[PDB]
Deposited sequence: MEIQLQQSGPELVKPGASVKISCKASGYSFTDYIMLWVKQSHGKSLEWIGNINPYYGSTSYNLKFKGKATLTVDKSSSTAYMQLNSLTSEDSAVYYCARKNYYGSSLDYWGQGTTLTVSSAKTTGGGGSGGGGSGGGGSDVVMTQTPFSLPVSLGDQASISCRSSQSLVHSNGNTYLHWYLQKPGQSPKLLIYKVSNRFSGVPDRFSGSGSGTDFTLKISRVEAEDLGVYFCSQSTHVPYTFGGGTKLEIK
């Protein structure tokens, strides 16, 4: 489209080795936005790895990944890189790069993901986001409501509430639906509505259709580390 994040291809890497995955940005000024990386282990689970500010090369990591992941950029080629060291089978996962905006603190454009397979073969301070239900089977046309509760208030210093909703359709990268509780992102239909305050938030879908099916994730970026809910799989009965 206008903006694209193009990640490198799938990687089959031996245990102990390192891998360096790339994310080429096109369609926007690379140095004007934070680039964030996310791990998704086989299923419904997004984890923040870290951020890089391409203008300075400055980084912040999720403690879980500090010592494991190294983020760099090449400004001349508008490319972000994530290196992972001392690889084991636990690193096998899909990795995404995503652009983070300032106005929403939300992840507005995502890479397509890179699958890493690590094999020898030939071919309580963090804020917890509790999403319910974990599974929402419906009939087409039904209304759907998904809840997200945070362990601490999501109200930021500036009075805004950095609670966002993403939809990951089967086989695709997550996409931004709602930012800052209730703001629909460009292109998102009016059947989606977000509400709530403090610690309790709700995403409503007024009449479910096939394009709505997938896994919904809430996320908060008020607090560092950024965190994600466990997902709600919306599917047809």
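In this chain, the deposited residues that lack C-alpha positions fall in a single range, 124-137.
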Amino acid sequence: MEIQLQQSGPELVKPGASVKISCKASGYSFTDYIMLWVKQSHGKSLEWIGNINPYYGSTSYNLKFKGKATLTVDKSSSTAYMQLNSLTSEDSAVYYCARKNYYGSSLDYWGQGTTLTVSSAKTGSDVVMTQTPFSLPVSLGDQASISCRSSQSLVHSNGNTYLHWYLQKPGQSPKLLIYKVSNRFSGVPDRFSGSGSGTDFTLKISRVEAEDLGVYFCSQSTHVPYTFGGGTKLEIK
From here on, numbers count along this sequence of modelled residues.
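Take the two forms, superpose them, and find the largest set of C-alpha atoms that agree within 1.5 Å; that set is the rigid core.
Here the rigid core sets the fit, and in 4 other deposited structures of this protein the C-alphas of 124-132 stray farther than those of the other stretch, out of 103-111 and 124-132. Taken in 4 other deposited structures of this protein and fitted on the core, 206-214 and 37-45 differ in how far their Cα atoms move from the shown form, and the one that moves more is 37-45. Just going by the entry, 37-45 versus 201-209 on mean CA temperature factor gives the higher value to 37-45.
Relative to its counterpart among 137-145 and 70-78, 70-78 has the higher mean temperature factor, C-alpha atoms as listed in the PDB entry.
The residue among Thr161, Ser157, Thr123, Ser106 whose C-alpha carries the highest B-factor in the deposited model is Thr123. Comparing the C-alpha B-factors of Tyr55, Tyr28, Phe192, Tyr179 in the entry, the top value falls on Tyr55. In the PDB entry, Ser173 places in the highest third of its chain by CA B-factor. Ranked by Cα temperature factor within the chain, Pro225 sits in the middle third according to the deposited record. In the deposited entry, the Cα temperature factor of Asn51 places it in the middle third of its chain's modelled residues.
When the modelled residues of the chain are ordered by C-alpha B-factor, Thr88 sits in the highest third. Among the modelled residues of the chain, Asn101 sits in the lowest third by CA temperature factor in this PDB entry.
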